[PDB]
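A.B. asks: Quick one: this structure, given as structure tokens, is what I'll be asking you about.
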Amino acid sequence: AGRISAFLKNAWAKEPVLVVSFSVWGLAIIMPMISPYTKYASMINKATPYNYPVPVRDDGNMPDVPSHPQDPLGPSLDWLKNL
Amino acid sequence: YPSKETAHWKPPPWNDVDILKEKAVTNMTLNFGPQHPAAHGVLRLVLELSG
Amino acid sequence: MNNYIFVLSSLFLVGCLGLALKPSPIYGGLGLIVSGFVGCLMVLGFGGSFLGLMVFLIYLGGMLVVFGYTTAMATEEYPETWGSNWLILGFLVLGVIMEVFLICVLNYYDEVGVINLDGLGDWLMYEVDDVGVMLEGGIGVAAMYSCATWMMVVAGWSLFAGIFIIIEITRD
Amino acid sequence: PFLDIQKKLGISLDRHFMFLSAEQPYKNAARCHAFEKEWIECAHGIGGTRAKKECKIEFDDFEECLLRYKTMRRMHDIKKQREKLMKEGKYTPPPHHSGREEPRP
Amino acid sequence: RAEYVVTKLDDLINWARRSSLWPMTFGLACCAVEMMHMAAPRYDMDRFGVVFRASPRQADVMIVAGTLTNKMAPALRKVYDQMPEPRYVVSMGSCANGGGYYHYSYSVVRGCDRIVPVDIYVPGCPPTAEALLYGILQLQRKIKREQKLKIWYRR
Amino acid sequence: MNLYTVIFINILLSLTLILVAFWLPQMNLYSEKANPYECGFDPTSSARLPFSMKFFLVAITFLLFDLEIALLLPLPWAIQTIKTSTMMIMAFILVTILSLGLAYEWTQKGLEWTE
Amino acid sequence: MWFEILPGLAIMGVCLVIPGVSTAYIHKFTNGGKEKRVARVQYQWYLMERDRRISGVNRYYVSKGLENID
Amino acid sequence: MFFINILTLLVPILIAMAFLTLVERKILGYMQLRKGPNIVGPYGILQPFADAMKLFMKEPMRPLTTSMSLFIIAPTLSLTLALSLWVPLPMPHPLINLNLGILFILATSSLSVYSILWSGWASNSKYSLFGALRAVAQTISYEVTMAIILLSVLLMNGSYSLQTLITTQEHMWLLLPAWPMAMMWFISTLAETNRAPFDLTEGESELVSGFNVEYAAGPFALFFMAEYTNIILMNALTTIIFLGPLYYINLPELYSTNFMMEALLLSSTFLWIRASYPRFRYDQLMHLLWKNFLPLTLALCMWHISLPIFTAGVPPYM
Amino acid sequence: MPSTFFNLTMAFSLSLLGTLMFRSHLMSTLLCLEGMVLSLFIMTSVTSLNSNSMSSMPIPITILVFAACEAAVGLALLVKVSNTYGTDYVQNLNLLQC
Ligand SMILES: COC1=C(OC)C(=O)C(C/C=C(\C)CC/C=C(\C)CC/C=C(\C)CC/C=C(/C)CC/C=C(/C)CC/C=C(\C)CC/C=C(\C)CC/C=C(\C)CC/C=C(/C)CCC=C(C)C)=C(C)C1=O
Ligand SMILES: CCCCCCCCCCCCCCCCCC(=O)OC[C@H](COP(=O)([O-])OCC[N+](C)(C)C)OC(=O)CCCCCCCCCCCCCCCCC
Ligand SMILES: CCCCCCCCCCCCCCCCCC(=O)OC[C@H](COP(=O)(O)OCCN)OC(=O)CCCCCCCCCCCCCCCCC
Ligand code: SF4
């Protein structure tokens, strides 16, 4: 649109602070929704170990959890290592 | 039921507005005396100021 | 070094007594600044520093705007500090004597155990996790962003509605 | 009165921080978590007058944990007797209580 | 010897007061035009350590530079009185010295020494900025000669 | 204890400086010297009259924005949360409504110093 | 000329260098050749208190190694 | 040893601010086609000492219409807050290590504003009242802007500490990631220090001396010391936050030297600004901040909220 | 802790007495209100820190926000009172009795 472009160009010439602020507001809204790294922040904060990992009893019916830290089982952090 | 302790009262106005004008704002009087740097050495600029 | 918090609490009581005794609002704001600093020190001594620093900053801004307003409109030719009336000073020292009398009475009456002279400074911090990370104050105030979003949104709406409220009150 | 739109809609606006033993930020406790847990588990389902009557043991334990009046009185009695014995000369404190102790990790 | 120590201490305080002279931002006329020409980059009074201060509470010497009118004289006396105690007066130009060109006027105080005690008189109409700087340095020497601690010690 | 000692040392230093300033020099006090300044004339008023500031609405808005600051300040610990999506949304909403309040006040000429 | 300001600039320079360098050296001297060992959290404070109890001279900075174990 | 550390922090800072007065006079003179003081010292280096001795040997001149308690309390308060504000700065190891160092800085700055306000109201004069009200307006504007700026920058950082700022700026400055915040923070430090262009509290031309117009020598020197100490401190805080000096674990002397060089450069930048620009009006300062910096810093605070989330670059807690 | 809590409760009581006993100054009444607010903030913060109720630590921030909102409204009303009369006197605003 001609009127919209002329208004935006006049605003960019005369008040180039509100234009920058609205553009930065829109960029800060849009950018988390299109970035591929958004899930990684939550996963990093999940993987950060602020508490002791309380061990569970060995009933012999869970094969998913490991038996020792030097095991292939468990949530390995190779994604963070290679990130 | 007016008594001696409430005989001096008045009914409220119909529109809840009454004249209570004071006009006692008392704008501050400050003199740019003949020592101010802004004054040109010799000037007593008496200023009525509202702040 | 045990009765440090008690000394701070007594100073807070004195500052609130002066604020109650109602000087000119310049000195009222002074007394509230002193009381805010003292309460900040009390919170810092009891634990996390974020709450004390927050209330200190907030009351600094508040008493600054209060100072501007009492200069603008809530002023008089002779703003009484405390000595315009001898009754105010006599009542301040009377309240101080009553404070000393009541704490001595509650130390003598040690059955309930609200105030004890020998046991002062012994029960300030009850139990703390000696080994541990992320257990200080401010983590909960951060948890307002994630665990109490209702608290966050009612505070935000209070400030927003307050902007509209103050504009409509002072619209004139 | 007390509307229950939070129970009707199933949401929890302010219900997860009603008491001490409820959803601390990282994994922490609130210094009386076990006592408050026992008191609430006692009082649930029988609430009101019955909870006031036959959960008095759990409530007294929780109130003692939170306020520590009896521990304060016991410690004050011990220290008062100790000071009386110090005045009467019949007590000498051990090295670990008064002065140099052997520190262990 | 107490006399030697007192003399050296008095020399120290005189050096301080003469190296830090703060005149007041106060002039009246063409003589004050020459005063700010003494403030100009050529004869740098700030190089000499002489720097104007607007308030009389932060001033040390009043440079009476201009014609002291009758209407002006209470203001000049009040401003001089409002200075702190070690204060000096440099009269500058013929008007402040003895009235000058307006000596027989109905509205001119015949010399500012009728109003304030004058330490140094600087002649001219106007005195050059060099001449005013000469008067300032002569004032510095005059307060270098002062012996307050020694007079106190022999008092 | 260390910070307490440094605070007390600075306070004692300032007190020592002002005590030196008050007991060192020679005093000569009279009425015209200690009168209020007022640019070389007697003051008309008492300098305690009402002043009538012109930015009172801006001051009240400053109070509200200072409490919005107090709300916004735990963000460095808030970004360490495990959810981070509700955290990001809540921070966006808070900053947006603060900006909307500022924009509404600007449009309604609140920060314009009404004389 | 313009280089006449350099004496005052150099005096300010040495007066700004002195506090940080002196603080680091005083920290080293007081802590025995190591840094201050700041404790932001209770875990770090517990480590300091445990070190103070382990050393036996009531000084946390006296580090004890494998010579204590036979 | 700790009192020796206090001395080696306090005494060099006081000598640094006295020679900051000397450097200011000489830099302003050489930008004004003249010299600075070169007679009192060998190169003018004894001029601040002569000024200090003259101010402390003039009488303090207590006035009649004056609340004496606040009139005496305010300058001592200003000086002790300036030194207390100097306490927690790391170069690279602080005298007092605080977790919430920036919050401590903000609280102490607001209390210094209170010192100025109490002096202005206690010295019962109209020009002092004018200076106090101008201080109120100025601190409203820069307080809200400074709080937002520090929030966004320390969101880019981790905690509210300053050794964490050193470790953050170990590889690269914070000026390159957030330079608009650095510009607005520089302007806000000017407003906090009450320096030119927008001094407006000791306005020599609009007012006579502002809030110092009734303060004679002594406590006036205390106010001047507090102001110039705050100048050096705000420049030091700016170079710690934004222009991160090189840090190496083996030797901190190059960190101290780099911090010194950048702090000297920013102090000379303050004197440069004073020589260059005229004064704002104090309503124009409020309009400028609340209409240009505050919307832009709100938007940039939102951008720095979003940035570590969408880049996964959330800083560590420690 | 119980001695400090008793002192804080007495400080709140003193600020309440200040609020109830007027002395010619609406601004001083608002000051007493904010003293009550500060006492409540310190009480809540000390209680939460003593009980380790980090989940209830947002409560002092909430009361501070709402207290500053009410202080804002009170300052606006004081501005309107001063515009009406020019003195800000609680005895001067009395004309609603009839
Ligand atoms: C046509 O019409 C007319 C006019 O209209 C245009 C007029 O105008 C007019 C009036 C005309 C005049 C009054 C003429 C006067 C001249 C001027 C107005 C122009 C001259 C220029 C200026 C006034 C501007 C000056 C500009 C500058 C940049 C100069 C800098 C000045 C400053 C005040 C800032 C610098 C600071 C200082 C000088 C002092 C700093 C030092 C201290 C306070 C020292 C403090 C330090 C300490 C206490 C440290 C102590 C601590 C320690 C540890 C030290 C240790 C000590 C030991 C002993 C060991 C007249 C009559 C007139 O007809
Ligand atoms: C600490 C590090 C160094 C900092 C700089 C220090 C050296 C320089 C010092 C210069 C002199 C400063 C002295 C004081 C000056 C005071 C005046 C002043 O500055 O006023 C402020 C002026 C105000 O200008 P104004 O007031 O003339 O504006 C006119 C406005 N009306 C008409 C309403 C009055 O400028 C600003 O407010 C600008 C602030 C900084 C903006 C930075 C924006 C950066 C770019 C953002 C992103 C752009 C892209 C958008 C997205 C694209 C996506 C692809
Ligand atoms: C002229 C009168 C002047 C009166 C006003 C004085 C103002 C002083 C300077 C401004 C102070 C602003 C508030 C600062 C509070 C302390 C800031 C802080 O964070 O303190 C907490 C800190 C330890 O906390 P943290 O960093 O978490 O450390 C834990 C692991 N490292 O550290 C601590 O826990 C230490 C706690 C005590 C620190 C403050 C001590 C103040 C002492 C009283 C001063 C005033 C006395 C009255 C007047 C005397 C006579 C004039
Ligand atoms: S002496 Fe001459 S130059 Fe000086 S003020 Fe008088 S007329 Fe002007």
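Residue numbers (the numbering used here), protein chains in the order written: chain A, 1 to 83; chain B, 84 to 134; chain C, 135 to 306; chain D, 307 to 411; chain E, 412 to 566; chain F, 567 to 681; chain G, 682 to 751; chain H, 752 to 1069; chain I, 1070 to 1167. Backbone N, C-alpha and C fix where the C-beta goes; we use that ideal spot for every residue, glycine too.
Could you tell me the alpha carbon to alpha carbon distance between residue 450 of chain E and residue 979 of chain H, rounded to whole angstroms?
C.D. replies: Approximately 24 Å between the Cα atoms of the pair.
A.B. asks: Ligand 4: which residues have Cβ under 5 Å from any of its heavy atoms, chain order?
C.D. replies: Residues flagged by the Cβ proximity filter: E:440, E:441, E:442, E:477, E:504, E:505, E:506, E:511, E:536 and E:537.
A.B. asks: Between H:865, H:835, H:789 and H:1006, which lies nearest to residue 200 of chain C when the distance is taken from Cα to Cα?
C.D. replies: Of the candidates H:865, H:835, H:789 and H:1006, the one whose C-alpha sits nearest the C-alpha of residue 200 of chain C is H:865.
A.B. asks: Report the three-state DSSP secondary structure of residue 476 of chain E (helix, strand or coil).
C.D. replies: Correct three-state label for residue 476 of chain E: strand.
A.B. asks: What first and last residue would you give for the beta strand (DSSP E) that runs through residue 531 of chain E?
C.D. replies: Residue 531 of chain E -> beta strand (DSSP E) spans 531 to 533.
A.B. asks: Any C-beta of chain F sitting closer than 7 Å to the C-beta of residue 293 of chain C?
C.D. replies: Yes - at least one Cβ of chain F is within 7 Å of the one on residue 293 of chain C.
A.B. asks: Extract the residue ranges of the alpha helix (DSSP H) inside the region 206 to 276 of chain C, only unbroken runs of 4 or more that lie entirely within it.
C.D. replies: Runs found: 220 to 242.
A.B. asks: Span of the beta strand (DSSP E) holding residue 89 of chain B?
C.D. replies: Unbroken run through residue 89 of chain B: none, as it is neither H nor E.
A.B. asks: Using a Cβ distance threshold of 8 Å, determine whether the region 484 to 494 of chain E contacts the region 817 to 829 of chain H, with at least three qualifying pairs required.
C.D. replies: These segments do not touch.
A.B. asks: Just to make sure I have the definition right: I need the residues of chain D whose C-beta is within less than 9 Å of the C-beta of residue 1123 of chain I. Which are they?
C.D. replies: Simply 330, 331, 332, 334 and 336.
A.B. asks: Go ahead and pull the three-state DSSP assignment for residue 594 of chain F.
C.D. replies: The answer is coil: DSSP assigns residue 594 of chain F none of H, G, I, E or B.
A.B. asks: Roughly how many angstroms lie between the CA atoms of residue 977 of chain H and residue 118 of chain B, to the nearest whole one?
C.D. replies: Those two C-alpha atoms are separated by around 27 Å.
A.B. asks: Do you know offhand how far residue 61 of chain A's Cα is from residue 49 of chain A's?
C.D. replies: Taking the straight line from one Cα to the other gives about 26 Å.
A.B. asks: Just to confirm, does residue 446 of chain E get its C-beta within under 6 Å of one of the non-hydrogen atoms of ligand 1?
C.D. replies: Yes; taking the cut-off as 6 Å, the Cβ of residue 446 of chain E has a heavy atom of ligand 1 nearer than that.
A.B. asks: Can you look up residue 1154 of chain I in the DSSP assignment and give me helix, strand or coil?
C.D. replies: Note: residue 1154 of chain I maps to coil in three-state DSSP.
A.B. asks: Which value, in whole angstroms, describes the spacing of the CA atoms of residue 353 of chain D and residue 361 of chain D?
C.D. replies: Cα to Cα, residue 353 of chain D sits roughly 10 Å from residue 361 of chain D.
A.B. asks: What does residue 669 of chain F touch in chain I if you count any residue whose Cβ is under 9 Å from its own?
C.D. replies: Going along chain I, no residue has its Cβ under 9 Å from residue 669 of chain F, so there is no contact; the nearest lies around 19 Å.
A.B. asks: Report the CB separation of residue 240 of chain C from residue 1070 of chain I in whole angstroms; it is logged as a contact under 8 Å.
C.D. replies: At roughly 15 Å, the Cβ-Cβ gap does not stay under 8 Å, so residue 240 of chain C and residue 1070 of chain I are not in contact.
A.B. asks: For a test of the three-state rule: what should DSSP assign to residue 700 of chain G, helix, strand or coil?
C.D. replies: In this structure, residue 700 of chain G counts as helix in the three-state DSSP scheme.
A.B. asks: What residues from the region 703 to 729 of chain G come within 7 Å of chain C, judged by C-beta to C-beta, listed N to C?
C.D. replies: Within the region 703 to 729 of chain G, the qualifying residues are 722, 723, 724 and 727.
A.B. asks: Any heavy atom of ligand 1 closer than 6 Å to the beta-carbon of residue 802 of chain H?
C.D. replies: Under cutoff, so the answer is yes.
A.B. asks: Which residues does DSSP pair with residue 817 of chain H in a beta bridge?
C.D. replies: Per DSSP, H:874.
A.B. asks: Would DSSP call residue 115 of chain B helix, strand or coil?
C.D. replies: Residue 115 of chain B: strand per DSSP, three-state reduction.
A.B. asks: Let me know if residue 338 of chain D comes out buried or exposed under the rule of 16 or more other beta-carbons within 10 Å of its beta-carbon.
C.D. replies: Per the 10 Å Cβ criterion, buried.
A.B. asks: Could you tell me whether any Cβ in chain C is nearer than 7 Å to the Cβ of residue 366 of chain D?
C.D. replies: Output row for residue 366 of chain D: interface = no.
A.B. asks: Are the CB atoms of residue 985 of chain H and residue 918 of chain H nearer to each other than 7 Å?
C.D. replies: No, the Cβ-Cβ distance between residue 985 of chain H and residue 918 of chain H is not below 7 Å.
A.B. asks: Are residue 656 of chain F and residue 279 of chain C close, meaning C-beta to C-beta below 7 Å?
C.D. replies: In this structure, residue 279 of chain C lies closer than 7 Å to residue 656 of chain F by Cβ.
A.B. asks: Can you find the residues in the same chain that come closer than 8 Å, C-beta to C-beta, to residue 1115 of chain I, ignoring five residues on each side of it along the sequence?
C.D. replies: Closer than 8 Å at Cβ, skipping near neighbours: 1070, 1073, 1074 and 1077.
A.B. asks: Would you check whether ligand 3 has a heavy atom nearer than 6 Å to the C-beta of residue 570 of chain F?
C.D. replies: Yes, ligand 3 has a heavy atom inside 6 Å of this Cβ.
A.B. asks: Between which residues of its own chain and residue 1151 of chain I is the CB-CB distance below 8 Å, once the five residues before and five after are set aside?
C.D. replies: Hits under 8 Å: 1157.
A.B. asks: Report yes or no: do the region 1040 to 1051 of chain H and the region 15 to 35 of chain A share at least 3 C-beta pairs separated by less than 8 Å?
C.D. replies: Yes, the region 1040 to 1051 of chain H is in contact with the region 15 to 35 of chain A.
A.B. asks: Which residue marks the beginning of the beta strand (DSSP E) containing residue 312 of chain C, and which one marks its end?
C.D. replies: Lying before the first or after the last residue shown, residue 312 of chain C is absent from chain C, which here runs from 135 to 306.
A.B. asks: Helix, strand or coil: which one does DSSP assign to residue 502 of chain E?
C.D. replies: Residue state, collapsed to three classes: strand.
A.B. asks: Taking 6 Å as the cut-off, is the beta-carbon of residue 1043 of chain H closer than that to any non-hydrogen atom of ligand 2?
C.D. replies: Yes, since a heavy atom of ligand 2 falls inside the 6 Å radius drawn around the Cβ of residue 1043 of chain H.
A.B. asks: Indicate the three-state DSSP secondary structure (helix, strand or coil) for residue 1127 of chain I in the structure shown.
C.D. replies: Helix, per DSSP.
A.B. asks: Could you check what DSSP says for residue 75 of chain A in three-state terms: helix, strand or coil?
C.D. replies: In the structure shown, residue 75 of chain A sits in coil (DSSP, three-state: anything other than H, G, I, E or B).
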